[PDB]
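Structure 1 and structure 2 below are the same protein chain in two forms, each given by itself as structure tokens.
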Structure 1
């Protein structure tokens, strides 16, 4: 569908309108409980700030009419400007068009009725754009999805305790200024400071005092210097600490569910509490068992080469991992100069990757060779000549019946491509002109 206005929502200019209008949706939903609770009609040095705030969201409900709804199941950017304009208009339109009115001028214009000031809470449907941000961030593999299920709750508490702080102050102002000794704040004395005549206290002292109660209540510390006094602040504190009691168990739940999918050090000790067993009873040479612990400290703390995981995708396309990365490592070898792709593919059917810390001897001198080795990383030592990367060893003695003439020792941290020497008999006897290719580069010394 051509439709040369309809923004596909990966456009880079529809991302200076999703982290622009997300900053506005954080301001406009952190300020709206403060505008409801701590003011009755905004002071007129906040008139431009309340006018231009609702313009940025007003030119955002025209940019929902020209945006590409990628469909719910049949994945398709539905470019049709009568089904994006009718998907929006009955999902969230009049919770974005209602909370865009100048509810502070409607309040003051209509004779200052208090009930027309409760429609500020329709502007809390802009934290939607912060929960359509912790949903487009768990769909991002560079961090854990369950870590974002903790960071979602740690914005939720901290938005519920700012909103609770702003409703708890508001409930003090619903009694007349002469009945303020029967409120939580007009009857407060902290230190030598009396919070009498609290409506003329500085805004940030009143906000910080109301937020102090709500945070030491959310944490369930609850000192009791600030407490409910009324019968209507008791009902709010009862609702709020019942909401927190569930919300604080949910936080502990998510942190525990993160930790039960544990870390690599306790996964190392998971693989090693049993490797104290079996080798105490049926013990090996504890020099080589110390290097076994070394190779477990090398599979852990380092590369998790996923031969433990590549069984998920099928064998011919996990041999395609052995195609688009192994045509580098196998064609780079000077032993296979002049070898066609089929021999390469049948060799990389049966390849393995192992790693070697310095200290081993890999193919021992004076004894039979067991495997093919190609060098990816690190650097080796043959004792006489130093055999580095993209090179062959173990391989000058399986083409004939010879032994390994070098104590091929490992000097840097290596990345051996190890293959069974059974394979370099079957692949070598089925393909004959390939066998003579290896024969003539053997005679190319």
Structure 2
């Protein structure tokens, strides 16, 4: 019903759904790479320079594309296709964060005399998780999948993101101290087996990330070996914040899993009904013939709904 608004793309268009999946994949990488770019590099190496610029370009198109995309209203509950209303809705809803996230923050950091506060603007690109939140909302609205399983998946994804981000921030806090005071950081004072993470800034990127993620994963599960631990006061405060948040997050995970199991399965509804029928049967002693007939018939009833 938008013959007048021919330019506007239907949100259920097949090609726009393909673009939604493509930009969902791009958003996952961007919101996972951004913490690593901010934590393990003080300026992106040239080898992945293109991966920076291209990474924003795919999002820039989205900024344009979302301007030519209709939507379903929340008060009228009618699918609104007015291009001016579309533009105003996206300008006042999410345009600012998406647009500011596509700035060449690495190039701006390197051009502006290597100022760290400029690099702190990379965290705007964590607002690209809005794509994943929208994907999980859509998949929760999907009646095919169980609703509480969707919540469990969303919580596990949040745990993955928070653990990865916590690892990147934990390594970054070690980098916030000068290398001379590196012995007062968690990684600069770290010694695992024979290996000593002495000049940790010059260790391979993936060794550093694996160590930080190992600490973050081990803390997230509340195992807590101690091999890696906070040493600074800043590391101290960050670990307190992270474990306090992850305590509530793990409690929510346990609660959601328990709610899924408490909901019960038809198999269980059938098992309980079986036990009730057996109680009745043994309290009236029907007889093996009628007993077996009843059991078989009710099994077939539960099987055939």
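Whichever C-alpha set is largest while still superposing within 1.5 Å between the two forms counts as the rigid core. Positions refer to the first chain, counted from 1.
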| item | value |
| --- | --- |
| Answer among 220, 280, 179, 110 for the CA shift between the two structures that reaches 2 Å or more, rigid core superposed | 280 |
| Angstrom displacement of the CA atom of residue 163 between the two structures, core fixed | 0.1 |
| Core-referenced Cα shift (Å), residue 270, between the two structures | 1.3 |
